[PDB]
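Given as structure tokens, the chain that follows is alone and in the form deposited in one PDB entry.
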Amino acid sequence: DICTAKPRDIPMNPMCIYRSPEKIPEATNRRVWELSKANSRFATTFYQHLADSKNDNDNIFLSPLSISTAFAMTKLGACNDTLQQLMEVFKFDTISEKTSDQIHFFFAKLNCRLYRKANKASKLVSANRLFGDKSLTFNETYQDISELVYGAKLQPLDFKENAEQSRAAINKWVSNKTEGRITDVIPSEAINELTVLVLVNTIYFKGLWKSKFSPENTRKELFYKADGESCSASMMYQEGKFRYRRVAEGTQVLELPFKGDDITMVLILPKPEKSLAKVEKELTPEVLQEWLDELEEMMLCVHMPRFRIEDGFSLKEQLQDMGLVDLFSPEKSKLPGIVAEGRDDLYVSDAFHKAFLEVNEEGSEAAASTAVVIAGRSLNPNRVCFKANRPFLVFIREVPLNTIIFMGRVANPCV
């Protein structure tokens, strides 16, 4: 059992280690805390970078925690430039040596802590795993460590001769691990003859709002997109007490907790004047954290649209442009710890990811009636609410570690 085990309880130690040239929550391990902070620095950076590569009208969504966690699985067996890039991109080069040398182990501890919610009105479900061609010979030490720290061993498949079949085998494992939800992590023809090693990281959240929106109050209203246009979106509404805060330049921050309060959704809404882009460029780990500290409960009304966002972007591509290059290069890839030699050297051919968020009156991944009524709600036509009828940022976080599990942007919830 890892959740109770300790670093020395099971000798690990990678084949290569890295060294940089040069109010912690109660009942929380220091190592796990610094690692969560590292992921948060990765989160903002990976986010700003992704936003710069897309159309300001597109919705953006990703699970930084999922990405960091999975790629740390490759760290465990990387060397040289491959390892250095992994450390720099994911901001792992900014933590203590012990945490670094045992990164894999502490991700296990961090995760143990996250999945200790299951207040069944709050269920986090993930499936991460590596698949490599069965022609290669995988380091058994790696496999054992992988068994304990990650739950499973790297699964060998025959991409060379059984590509399509291997695709099904991967989808099946995930369809079972997240039982039913994700049945096609790997799309048609994504795996092939030239496929040697594949990273599969999935994740989604099921939870109910502590304070639900009444279906009766939802109305078809206009959402003022960024391209200047406008569209119709199922705008939900409710009045109640919520942790809120009007910050600098008129930006508004709102927190909607799910049943249990250990997981919430935070919304950052700029004023009509200032655009979202400006905000994203100012979004740093300390800025976000300073905002959350400023939050205080208030009685208020909220207009929020139902929305569905996904991580439709290429992870590999995105990471390559950030600095992670060798890991993906058939020539420059350095992964001794997983498979040795130099015939056909081991590199990551693909990083398949799947993360989404479907928000409605009931919550996240919760069923609710689509039917939208048309009647009077007896509201003050002159009311002043947190009205998200224009592009806003979204964060799904865990309290008290402040771990950013999901982050994204709702630019267009229409259709």
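Numbering starts at 1 and runs along the sequence shown. Between two forms, the rigid core is defined as the largest C-alpha subset superposing within 1.5 Å.
We do not show the form deposited in another entry, though everything after this point is about it.
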In a fit on the core, which one among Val279, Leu292, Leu300, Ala190 has a Cα that moves 2 Å or more between this form and the one not shown? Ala190
Align on the rigid core first; then say whether the Cα of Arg167 has moved by at least 2 Å between this form and the one not shown. yes
Note yes or no: does the Cα of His104 move by 2 Å or more between this form and the one not shown after the core is superposed? no
Once everything's superposed on the core, is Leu222 shifted 2 Å or more at the Cα between this form and the one not shown? no
At a change of 3 Å or more, would you call the C-alpha separation of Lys225 and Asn382 in the other form closer or farther than in the form supplied? farther
What changes in the other form is the Cα distance between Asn380 and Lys225, by 3 Å or more; the two atoms are farther
